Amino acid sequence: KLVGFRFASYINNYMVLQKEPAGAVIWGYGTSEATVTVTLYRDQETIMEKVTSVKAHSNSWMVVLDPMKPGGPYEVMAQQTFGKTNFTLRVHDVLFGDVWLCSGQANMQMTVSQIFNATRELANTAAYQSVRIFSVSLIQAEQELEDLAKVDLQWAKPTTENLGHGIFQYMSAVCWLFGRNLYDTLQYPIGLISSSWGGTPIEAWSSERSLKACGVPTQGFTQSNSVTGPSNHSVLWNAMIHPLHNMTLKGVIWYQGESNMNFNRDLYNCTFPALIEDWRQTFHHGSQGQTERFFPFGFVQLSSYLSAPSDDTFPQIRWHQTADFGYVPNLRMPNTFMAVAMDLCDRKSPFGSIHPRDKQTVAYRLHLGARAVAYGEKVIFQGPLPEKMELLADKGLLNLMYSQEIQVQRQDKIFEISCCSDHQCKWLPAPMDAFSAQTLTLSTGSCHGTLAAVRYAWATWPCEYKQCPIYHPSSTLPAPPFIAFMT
(Lines of atoms letter the chains of each structure in order from A and count residues from 1; the text may use other names and numbers.)
(Lines give C-alpha, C1' and ligand atoms only; values in the text may rest on other atoms or scores of the structure.)
Protein backbone atom coordinates (compact mmCIF):
# COMPACT_ATOMS: atom_id res chain seq x y z
CA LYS A 1 0.00 0.00 0.00
CA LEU A 2 3.08 2.23 0.31
CA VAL A 3 4.32 1.24 -3.16
CA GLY A 4 3.24 4.02 -5.51
CA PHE A 5 3.14 2.02 -8.77
CA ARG A 6 1.42 -1.33 -8.34
CA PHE A 7 -1.25 -3.60 -9.74
CA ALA A 8 -4.68 -3.95 -8.17
CA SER A 9 -4.90 -6.86 -5.76
CA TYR A 10 -6.75 -9.21 -8.14
CA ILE A 11 -3.68 -9.24 -10.42
CA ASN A 12 -0.87 -11.68 -9.70
CA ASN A 13 1.25 -14.49 -11.05
CA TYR A 14 -0.79 -17.56 -12.11
CA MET A 15 -4.02 -15.60 -12.54
CA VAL A 16 -6.76 -16.14 -15.10
CA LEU A 17 -8.07 -13.15 -17.08
CA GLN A 18 -11.42 -13.22 -18.85
CA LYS A 19 -11.32 -14.46 -22.45
CA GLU A 20 -12.96 -13.22 -25.68
CA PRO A 21 -15.34 -11.72 -26.63
CA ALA A 22 -14.67 -9.59 -23.55
CA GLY A 23 -11.53 -7.57 -23.04
CA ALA A 24 -9.73 -8.07 -19.75
CA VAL A 25 -9.39 -5.01 -17.52
CA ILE A 26 -5.95 -4.34 -16.01
CA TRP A 27 -5.80 -1.59 -13.41
CA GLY A 28 -3.58 -0.33 -10.66
CA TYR A 29 -2.07 2.63 -8.88
CA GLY A 30 0.64 5.03 -9.91
CA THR A 31 1.89 8.59 -9.91
CA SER A 32 -0.55 11.28 -11.02
CA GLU A 33 -0.02 12.30 -14.67
CA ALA A 34 2.45 9.48 -15.31
CA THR A 35 2.14 7.40 -18.47
CA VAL A 36 1.46 3.69 -17.98
CA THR A 37 2.14 1.19 -20.76
CA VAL A 38 0.67 -2.30 -20.33
CA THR A 39 2.07 -5.07 -22.52
CA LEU A 40 0.93 -8.66 -22.95
CA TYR A 41 3.84 -10.95 -23.79
CA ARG A 42 4.34 -14.52 -24.85
CA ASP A 43 7.91 -14.77 -23.52
CA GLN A 44 9.69 -12.12 -25.61
CA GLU A 45 6.95 -11.57 -28.22
CA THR A 46 4.56 -8.65 -27.84
CA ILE A 47 0.94 -9.71 -28.23
CA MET A 48 -0.63 -6.33 -27.53
CA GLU A 49 0.11 -3.00 -25.86
CA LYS A 50 -2.22 -0.47 -24.25
CA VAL A 51 -1.18 3.00 -23.13
CA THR A 52 -2.91 5.23 -20.60
CA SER A 53 -2.07 7.83 -17.98
CA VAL A 54 -2.77 8.25 -14.29
CA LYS A 55 -5.52 10.86 -13.93
CA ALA A 56 -4.36 14.23 -12.60
CA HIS A 57 -6.53 14.27 -9.42
CA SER A 58 -6.50 10.49 -8.77
CA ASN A 59 -3.76 7.88 -8.46
CA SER A 60 -5.26 5.01 -10.45
CA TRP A 61 -4.81 3.82 -14.01
CA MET A 62 -6.71 1.35 -16.16
CA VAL A 63 -6.49 -0.28 -19.57
CA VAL A 64 -8.73 -2.78 -21.33
CA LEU A 65 -6.90 -5.46 -23.26
CA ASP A 66 -8.13 -6.58 -26.67
CA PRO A 67 -10.11 -9.85 -26.50
CA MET A 68 -8.02 -13.01 -26.22
CA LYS A 69 -8.48 -16.62 -27.19
CA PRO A 70 -8.37 -18.86 -24.09
CA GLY A 71 -5.09 -20.43 -23.11
CA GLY A 72 -1.59 -19.33 -22.22
CA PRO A 73 0.72 -18.88 -20.50
CA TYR A 74 1.32 -15.16 -20.98
CA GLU A 75 3.07 -12.47 -19.00
CA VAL A 76 1.65 -9.02 -18.29
CA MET A 77 4.04 -6.11 -17.78
CA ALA A 78 3.20 -2.55 -16.79
CA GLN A 79 5.72 0.26 -17.07
CA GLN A 80 5.26 3.68 -15.49
CA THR A 81 7.16 6.52 -17.10
CA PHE A 82 7.29 9.77 -15.14
CA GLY A 83 9.83 12.30 -16.30
CA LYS A 84 13.10 10.38 -16.48
CA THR A 85 11.98 7.58 -14.16
CA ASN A 86 10.94 4.08 -15.21
CA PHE A 87 9.26 1.52 -12.96
CA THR A 88 8.09 -1.88 -14.14
CA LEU A 89 5.69 -4.53 -12.88
CA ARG A 90 5.46 -8.09 -14.15
CA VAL A 91 3.22 -11.10 -13.59
CA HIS A 92 3.72 -14.46 -15.28
CA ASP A 93 1.86 -17.71 -15.91
CA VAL A 94 -1.20 -15.68 -16.84
CA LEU A 95 -4.02 -17.56 -18.57
CA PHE A 96 -7.13 -16.42 -20.42
CA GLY A 97 -10.36 -18.26 -19.73
CA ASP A 98 -13.54 -17.98 -17.68
CA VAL A 99 -13.38 -16.22 -14.31
CA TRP A 100 -16.05 -17.22 -11.81
CA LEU A 101 -16.64 -15.49 -8.48
CA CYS A 102 -17.93 -17.75 -5.71
CA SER A 103 -19.60 -16.13 -2.74
CA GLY A 104 -22.00 -16.59 0.14
CA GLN A 105 -21.90 -17.92 3.68
CA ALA A 106 -20.48 -21.04 5.27
CA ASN A 107 -21.52 -23.68 2.72
CA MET A 108 -19.52 -21.81 0.13
CA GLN A 109 -16.70 -21.29 2.65
CA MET A 110 -16.46 -25.01 3.49
CA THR A 111 -13.21 -26.30 2.00
CA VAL A 112 -12.13 -29.41 0.12
CA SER A 113 -10.51 -30.88 3.24
CA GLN A 114 -13.96 -30.92 4.92
CA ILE A 115 -16.01 -32.85 2.35
CA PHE A 116 -16.71 -36.51 1.73
CA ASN A 117 -13.88 -38.35 -0.01
CA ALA A 118 -11.52 -35.49 0.85
CA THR A 119 -8.26 -37.44 0.56
CA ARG A 120 -9.00 -38.50 -3.01
CA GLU A 121 -10.50 -35.14 -3.97
CA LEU A 122 -7.40 -33.32 -2.69
CA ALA A 123 -5.21 -35.62 -4.79
CA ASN A 124 -7.12 -34.97 -8.05
CA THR A 125 -5.27 -31.92 -9.33
CA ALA A 126 -2.83 -33.06 -12.05
CA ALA A 127 -5.41 -32.74 -14.83
CA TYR A 128 -6.62 -29.36 -13.50
CA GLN A 129 -3.51 -27.18 -13.29
CA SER A 130 -5.28 -24.63 -15.50
CA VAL A 131 -8.08 -24.27 -12.91
CA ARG A 132 -6.50 -21.43 -10.95
CA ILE A 133 -7.67 -20.53 -7.47
CA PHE A 134 -7.84 -17.39 -5.29
CA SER A 135 -9.45 -16.71 -1.91
CA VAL A 136 -10.38 -13.33 -0.42
CA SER A 137 -9.56 -12.64 3.23
CA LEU A 138 -12.41 -12.14 5.71
CA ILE A 139 -12.48 -8.33 6.00
CA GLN A 140 -15.38 -5.97 6.67
CA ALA A 141 -15.40 -2.25 5.94
CA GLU A 142 -17.80 0.57 6.66
CA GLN A 143 -17.17 2.09 3.22
CA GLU A 144 -16.62 0.58 -0.21
CA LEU A 145 -12.98 -0.33 -0.77
CA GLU A 146 -11.30 0.27 -4.12
CA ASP A 147 -8.89 -2.65 -3.66
CA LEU A 148 -8.89 -5.78 -1.54
CA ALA A 149 -7.38 -5.10 1.88
CA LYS A 150 -6.02 -8.63 2.18
CA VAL A 151 -5.84 -11.88 0.20
CA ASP A 152 -5.78 -15.27 1.89
CA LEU A 153 -4.77 -17.33 -1.16
CA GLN A 154 -3.20 -15.48 -4.06
CA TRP A 155 -3.69 -16.95 -7.52
CA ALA A 156 -2.27 -20.45 -7.62
CA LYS A 157 -2.16 -23.74 -9.40
CA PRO A 158 -4.19 -26.19 -7.28
CA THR A 159 -2.39 -28.50 -4.88
CA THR A 160 -3.28 -30.77 -1.99
CA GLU A 161 -2.03 -28.09 0.38
CA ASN A 162 -3.99 -25.10 -0.93
CA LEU A 163 -7.24 -26.92 -1.76
CA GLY A 164 -7.32 -28.40 1.74
CA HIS A 165 -5.56 -25.76 3.78
CA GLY A 166 -7.89 -25.69 6.77
CA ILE A 167 -11.38 -25.88 8.19
CA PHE A 168 -13.41 -23.02 6.63
CA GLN A 169 -10.15 -21.46 5.40
CA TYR A 170 -9.53 -22.22 1.72
CA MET A 171 -10.26 -23.51 -0.88
CA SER A 172 -14.06 -23.54 -1.15
CA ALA A 173 -15.20 -27.02 -2.13
CA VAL A 174 -18.32 -25.92 -4.01
CA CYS A 175 -16.21 -23.38 -5.90
CA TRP A 176 -13.34 -25.78 -6.67
CA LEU A 177 -15.62 -28.65 -7.72
CA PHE A 178 -17.71 -26.32 -9.89
CA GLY A 179 -14.59 -25.18 -11.70
CA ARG A 180 -13.27 -28.73 -12.00
CA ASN A 181 -16.56 -29.81 -13.57
CA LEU A 182 -16.46 -26.84 -15.93
CA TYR A 183 -12.91 -27.67 -16.95
CA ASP A 184 -14.02 -31.20 -17.84
CA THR A 185 -16.59 -29.67 -20.20
CA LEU A 186 -14.72 -26.65 -21.55
CA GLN A 187 -11.07 -27.77 -21.58
CA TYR A 188 -9.73 -24.22 -21.29
CA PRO A 189 -8.58 -22.20 -18.27
CA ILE A 190 -10.93 -21.44 -15.39
CA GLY A 191 -10.23 -18.89 -12.65
CA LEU A 192 -12.00 -19.31 -9.32
CA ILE A 193 -12.26 -16.49 -6.78
CA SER A 194 -13.82 -17.42 -3.44
CA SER A 195 -15.20 -14.62 -1.26
CA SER A 196 -17.42 -15.94 1.52
CA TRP A 197 -18.01 -15.67 5.25
CA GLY A 198 -20.04 -17.94 7.49
CA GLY A 199 -23.10 -16.82 9.37
CA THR A 200 -23.79 -13.75 7.24
CA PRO A 201 -27.10 -12.36 5.93
CA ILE A 202 -27.56 -11.14 2.38
CA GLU A 203 -27.70 -7.54 3.59
CA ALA A 204 -23.98 -7.72 4.42
CA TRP A 205 -23.25 -8.64 0.77
CA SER A 206 -25.57 -6.01 -0.73
CA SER A 207 -24.73 -2.49 -1.74
CA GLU A 208 -26.89 0.33 -0.46
CA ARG A 209 -28.60 0.44 -3.87
CA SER A 210 -30.23 -2.98 -3.69
CA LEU A 211 -31.14 -2.54 -0.02
CA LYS A 212 -32.88 0.76 -0.79
CA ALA A 213 -34.67 -0.79 -3.77
CA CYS A 214 -36.21 -3.38 -1.43
CA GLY A 215 -37.11 -1.02 1.42
CA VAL A 216 -34.89 -2.93 3.83
CA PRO A 217 -35.32 -1.48 7.35
CA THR A 218 -32.51 0.42 8.99
CA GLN A 219 -30.27 -1.93 10.94
CA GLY A 220 -30.89 -2.52 14.64
CA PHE A 221 -29.44 -5.26 16.89
CA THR A 222 -29.00 -8.06 14.37
CA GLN A 223 -26.85 -10.77 15.98
CA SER A 224 -28.67 -13.95 17.01
CA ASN A 225 -28.14 -17.71 16.96
CA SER A 226 -28.47 -17.74 13.16
CA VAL A 227 -26.53 -14.52 12.44
CA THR A 228 -23.00 -15.07 13.74
CA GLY A 229 -20.91 -13.27 11.13
CA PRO A 230 -20.83 -9.62 10.06
CA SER A 231 -24.36 -8.31 9.72
CA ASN A 232 -24.06 -4.53 9.26
CA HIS A 233 -25.50 -3.52 5.90
CA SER A 234 -23.03 -3.74 3.00
CA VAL A 235 -19.87 -4.30 5.03
CA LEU A 236 -18.87 -7.43 3.06
CA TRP A 237 -19.94 -6.00 -0.27
CA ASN A 238 -17.73 -3.04 0.69
CA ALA A 239 -14.57 -5.02 1.39
CA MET A 240 -14.88 -8.44 -0.23
CA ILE A 241 -16.86 -7.93 -3.47
CA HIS A 242 -16.74 -4.29 -4.56
CA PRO A 243 -12.91 -4.27 -4.97
CA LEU A 244 -13.36 -6.87 -7.73
CA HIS A 245 -16.03 -4.98 -9.66
CA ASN A 246 -13.71 -3.54 -12.33
CA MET A 247 -12.29 -7.00 -13.12
CA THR A 248 -13.85 -8.64 -16.17
CA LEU A 249 -15.53 -11.91 -15.32
CA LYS A 250 -17.80 -14.66 -16.64
CA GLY A 251 -20.23 -15.17 -13.78
CA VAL A 252 -21.00 -15.77 -10.13
CA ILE A 253 -22.02 -18.77 -8.10
CA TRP A 254 -23.61 -18.17 -4.71
CA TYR A 255 -24.55 -20.21 -1.67
CA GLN A 256 -26.26 -18.13 1.00
CA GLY A 257 -29.53 -17.69 2.82
CA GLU A 258 -29.37 -19.73 6.01
CA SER A 259 -28.71 -16.55 8.00
CA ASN A 260 -31.82 -14.85 6.60
CA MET A 261 -34.10 -17.46 8.17
CA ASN A 262 -34.98 -14.87 10.84
CA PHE A 263 -33.51 -11.68 9.37
CA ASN A 264 -35.70 -9.84 6.85
CA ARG A 265 -36.94 -13.29 5.81
CA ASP A 266 -40.08 -11.88 4.13
CA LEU A 267 -37.94 -9.53 2.00
CA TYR A 268 -35.53 -12.18 0.68
CA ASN A 269 -37.65 -12.64 -2.45
CA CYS A 270 -36.75 -8.97 -3.17
CA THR A 271 -33.24 -8.61 -1.76
CA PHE A 272 -31.78 -11.63 -3.56
CA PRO A 273 -33.01 -10.75 -7.09
CA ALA A 274 -32.02 -7.15 -6.33
CA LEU A 275 -28.51 -8.23 -5.31
CA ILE A 276 -28.11 -10.12 -8.58
CA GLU A 277 -29.22 -7.11 -10.61
CA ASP A 278 -27.08 -4.66 -8.65
CA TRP A 279 -23.95 -6.80 -8.87
CA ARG A 280 -24.58 -7.12 -12.62
CA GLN A 281 -25.03 -3.37 -13.11
CA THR A 282 -22.04 -2.51 -10.94
CA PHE A 283 -19.66 -5.08 -12.47
CA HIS A 284 -20.77 -4.27 -16.01
CA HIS A 285 -20.04 -0.58 -15.45
CA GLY A 286 -16.87 -1.13 -13.46
CA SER A 287 -15.36 -3.36 -16.16
CA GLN A 288 -15.96 -0.70 -18.83
CA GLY A 289 -18.81 -2.79 -20.20
CA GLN A 290 -16.72 -5.95 -20.66
CA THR A 291 -18.48 -8.12 -18.07
CA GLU A 292 -21.85 -9.10 -19.53
CA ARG A 293 -24.68 -6.86 -18.34
CA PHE A 294 -26.74 -9.97 -17.51
CA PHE A 295 -23.87 -12.24 -16.59
CA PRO A 296 -24.94 -15.73 -15.49
CA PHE A 297 -25.57 -15.97 -11.75
CA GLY A 298 -25.95 -19.42 -10.21
CA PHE A 299 -26.96 -20.31 -6.69
CA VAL A 300 -27.68 -23.16 -4.33
CA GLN A 301 -31.17 -23.51 -2.94
CA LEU A 302 -30.73 -24.13 0.76
CA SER A 303 -29.97 -27.63 1.94
CA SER A 304 -31.44 -28.95 5.18
CA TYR A 305 -30.50 -29.09 8.82
CA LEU A 306 -31.97 -30.84 11.83
CA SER A 307 -34.40 -28.15 12.96
CA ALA A 308 -37.51 -28.16 15.08
CA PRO A 309 -40.14 -30.01 13.01
CA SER A 310 -42.46 -26.99 12.99
CA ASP A 311 -39.79 -24.53 11.78
CA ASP A 312 -40.56 -23.55 8.20
CA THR A 313 -38.21 -20.60 7.81
CA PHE A 314 -35.92 -22.64 5.54
CA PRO A 315 -38.79 -23.66 3.20
CA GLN A 316 -39.74 -19.98 3.00
CA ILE A 317 -36.18 -18.95 2.13
CA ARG A 318 -35.92 -21.73 -0.48
CA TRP A 319 -39.06 -20.38 -2.15
CA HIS A 320 -37.83 -16.78 -1.93
CA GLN A 321 -34.50 -17.80 -3.49
CA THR A 322 -36.52 -18.36 -6.69
CA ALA A 323 -38.40 -15.05 -6.26
CA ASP A 324 -41.41 -17.27 -5.39
CA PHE A 325 -41.55 -18.93 -8.83
CA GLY A 326 -40.04 -22.31 -7.83
CA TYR A 327 -37.66 -22.29 -10.79
CA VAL A 328 -34.99 -20.12 -12.38
CA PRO A 329 -34.42 -18.40 -14.71
CA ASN A 330 -37.68 -16.47 -14.40
CA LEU A 331 -39.11 -13.04 -15.11
CA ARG A 332 -37.47 -11.47 -12.03
CA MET A 333 -34.21 -13.46 -12.23
CA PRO A 334 -33.00 -13.58 -15.84
CA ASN A 335 -29.97 -15.74 -16.72
CA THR A 336 -29.85 -17.43 -13.33
CA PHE A 337 -29.53 -21.12 -12.50
CA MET A 338 -30.11 -23.09 -9.33
CA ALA A 339 -28.90 -26.29 -7.71
CA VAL A 340 -31.42 -27.95 -5.41
CA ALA A 341 -29.67 -29.18 -2.26
CA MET A 342 -32.46 -30.19 0.17
CA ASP A 343 -31.79 -33.89 -0.57
CA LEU A 344 -28.01 -33.53 0.04
CA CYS A 345 -28.41 -33.65 3.81
CA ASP A 346 -25.90 -35.00 6.31
CA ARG A 347 -27.12 -36.23 9.69
CA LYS A 348 -23.64 -36.86 11.05
CA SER A 349 -21.57 -33.99 9.72
CA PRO A 350 -18.75 -33.14 12.17
CA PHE A 351 -19.50 -29.50 11.27
CA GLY A 352 -23.18 -29.83 12.11
CA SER A 353 -26.03 -30.85 9.85
CA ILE A 354 -26.22 -27.20 8.67
CA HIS A 355 -22.84 -27.89 6.99
CA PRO A 356 -23.34 -31.08 4.95
CA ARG A 357 -20.29 -32.78 3.49
CA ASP A 358 -21.55 -33.69 -0.01
CA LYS A 359 -20.43 -30.65 -1.98
CA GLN A 360 -19.73 -32.84 -5.03
CA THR A 361 -23.40 -33.13 -5.94
CA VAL A 362 -23.97 -29.42 -5.29
CA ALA A 363 -21.18 -28.51 -7.71
CA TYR A 364 -22.40 -31.08 -10.22
CA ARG A 365 -25.93 -29.67 -10.21
CA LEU A 366 -24.59 -26.11 -10.44
CA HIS A 367 -22.41 -27.02 -13.43
CA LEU A 368 -25.45 -28.39 -15.30
CA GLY A 369 -27.16 -25.01 -14.93
CA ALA A 370 -23.99 -23.22 -15.98
CA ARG A 371 -23.70 -25.39 -19.08
CA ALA A 372 -27.27 -24.48 -20.04
CA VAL A 373 -27.54 -20.84 -18.95
CA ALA A 374 -23.92 -19.65 -19.12
CA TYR A 375 -22.76 -21.72 -22.11
CA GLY A 376 -25.94 -22.29 -24.14
CA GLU A 377 -25.89 -26.09 -24.07
CA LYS A 378 -29.10 -28.12 -24.31
CA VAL A 379 -28.58 -29.86 -20.96
CA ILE A 380 -31.29 -30.63 -18.42
CA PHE A 381 -30.67 -28.46 -15.34
CA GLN A 382 -34.15 -28.08 -13.77
CA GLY A 383 -35.97 -30.72 -11.75
CA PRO A 384 -39.57 -31.75 -12.35
CA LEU A 385 -42.17 -29.14 -11.39
CA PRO A 386 -45.92 -29.34 -12.01
CA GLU A 387 -47.12 -27.26 -14.94
CA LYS A 388 -50.78 -27.69 -14.16
CA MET A 389 -53.14 -29.12 -11.59
CA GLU A 390 -56.61 -30.63 -11.83
CA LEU A 391 -58.81 -30.93 -8.75
CA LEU A 392 -61.46 -33.67 -8.94
CA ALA A 393 -63.25 -32.67 -5.75
CA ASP A 394 -66.11 -35.14 -6.25
CA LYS A 395 -63.59 -37.99 -6.47
CA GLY A 396 -61.34 -36.67 -3.70
CA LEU A 397 -58.34 -36.48 -6.04
CA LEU A 398 -55.79 -33.88 -7.13
CA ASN A 399 -53.83 -34.46 -10.34
CA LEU A 400 -50.44 -32.82 -10.77
CA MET A 401 -49.18 -32.73 -14.37
CA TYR A 402 -45.41 -32.34 -14.64
CA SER A 403 -43.52 -30.75 -17.51
CA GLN A 404 -40.92 -33.55 -17.42
CA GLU A 405 -40.96 -37.27 -16.67
CA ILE A 406 -40.97 -38.28 -13.01
CA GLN A 407 -39.72 -41.21 -10.96
CA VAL A 408 -41.76 -41.38 -7.76
CA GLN A 409 -41.24 -43.25 -4.52
CA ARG A 410 -44.31 -43.68 -2.33
CA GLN A 411 -44.29 -41.02 0.39
CA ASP A 412 -47.63 -40.04 1.86
CA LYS A 413 -46.54 -36.91 3.75
CA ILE A 414 -44.21 -35.10 1.31
CA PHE A 415 -47.22 -33.35 -0.25
CA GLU A 416 -49.61 -31.34 1.88
CA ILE A 417 -52.91 -29.69 1.00
CA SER A 418 -54.36 -26.57 2.59
CA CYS A 419 -57.83 -27.56 3.77
CA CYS A 420 -60.13 -24.66 4.63
CA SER A 421 -63.11 -25.58 6.82
CA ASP A 422 -64.82 -24.14 9.90
CA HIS A 423 -63.25 -20.71 9.32
CA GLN A 424 -59.65 -22.03 9.37
CA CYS A 425 -57.14 -23.52 6.92
CA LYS A 426 -54.82 -26.34 7.99
CA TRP A 427 -52.09 -28.15 6.09
CA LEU A 428 -52.92 -31.85 5.85
CA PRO A 429 -50.79 -34.63 4.35
CA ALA A 430 -51.94 -35.77 0.91
CA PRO A 431 -51.24 -39.46 0.18
CA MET A 432 -50.05 -40.52 -3.24
CA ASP A 433 -52.83 -42.43 -4.97
CA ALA A 434 -51.81 -43.08 -8.58
CA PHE A 435 -49.03 -42.53 -11.08
CA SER A 436 -48.44 -42.06 -14.79
CA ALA A 437 -45.32 -41.01 -16.71
CA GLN A 438 -45.88 -37.27 -16.02
CA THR A 439 -48.97 -37.22 -13.77
CA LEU A 440 -49.12 -37.80 -10.02
CA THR A 441 -52.54 -38.21 -8.40
CA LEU A 442 -52.92 -37.24 -4.76
CA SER A 443 -55.77 -38.24 -2.48
CA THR A 444 -57.59 -35.29 -0.92
CA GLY A 445 -60.20 -37.29 0.99
CA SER A 446 -58.93 -36.20 4.39
CA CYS A 447 -59.96 -32.63 3.49
CA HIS A 448 -63.61 -32.09 4.39
CA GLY A 449 -63.65 -28.50 3.19
CA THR A 450 -62.23 -26.49 0.29
CA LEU A 451 -58.74 -27.03 -1.07
CA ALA A 452 -56.84 -23.72 -1.20
CA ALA A 453 -53.31 -24.85 -2.02
CA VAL A 454 -50.87 -27.73 -2.34
CA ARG A 455 -47.21 -27.83 -1.37
CA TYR A 456 -44.34 -30.28 -1.81
CA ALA A 457 -41.26 -30.91 0.36
CA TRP A 458 -42.19 -27.90 2.50
CA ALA A 459 -40.03 -28.86 5.45
CA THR A 460 -36.59 -27.93 6.70
CA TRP A 461 -35.60 -31.62 6.47
CA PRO A 462 -37.87 -33.06 3.77
CA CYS A 463 -35.98 -36.28 3.08
CA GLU A 464 -33.00 -38.48 3.76
CA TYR A 465 -29.89 -38.24 1.61
CA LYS A 466 -30.71 -38.59 -2.10
CA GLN A 467 -34.02 -40.15 -1.07
CA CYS A 468 -36.45 -37.36 -1.88
CA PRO A 469 -39.63 -38.88 -3.31
CA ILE A 470 -39.52 -37.41 -6.83
CA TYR A 471 -36.59 -37.30 -9.27
CA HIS A 472 -36.34 -37.10 -12.99
CA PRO A 473 -35.70 -40.67 -14.18
CA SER A 474 -32.29 -39.89 -15.74
CA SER A 475 -31.07 -36.31 -15.15
CA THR A 476 -30.52 -37.23 -11.44
CA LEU A 477 -32.28 -34.00 -10.44
CA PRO A 478 -34.84 -33.86 -7.63
CA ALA A 479 -38.22 -32.25 -7.94
CA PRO A 480 -37.83 -28.81 -6.30
CA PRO A 481 -40.04 -27.77 -3.38
CA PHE A 482 -43.05 -25.68 -4.23
CA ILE A 483 -46.35 -24.20 -3.16
CA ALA A 484 -49.22 -23.68 -5.59
CA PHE A 485 -52.57 -22.02 -4.95
CA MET A 486 -55.87 -23.20 -6.37
CA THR A 487 -57.94 -20.74 -8.38
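A residue's number is simply how far along the shown sequence it sits, counting from 1.
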item: 38-46 set against 423-431, stretch whose average Cα temperature factor tops the other in the entry; value: 423-431
item: Segment of higher mean CA temperature factor, 433-441 or 446-454; value: 446-454
item: Highest-ranked of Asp412, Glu258, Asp394, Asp278 once sorted by CA temperature factor in the record; value: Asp394
item: From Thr88, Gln114, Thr361, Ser135, residue of greatest CA B-factor; value: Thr88
item: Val54 - Cα temperature factor, lowest/middle/highest third of chain; value: highest
item: Chain third (lowest, middle, highest) by recorded CA B-factor, residue given as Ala127; value: highest
item: Third of the chain's Cα B-factor distribution that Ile190 belongs to, per the entry; value: lowest
item: B-factor third for the C-alpha atom of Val227 within its chain; value: highest
item: Third of the chain, ranked by Cα B-factor, where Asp184 sits; value: middle
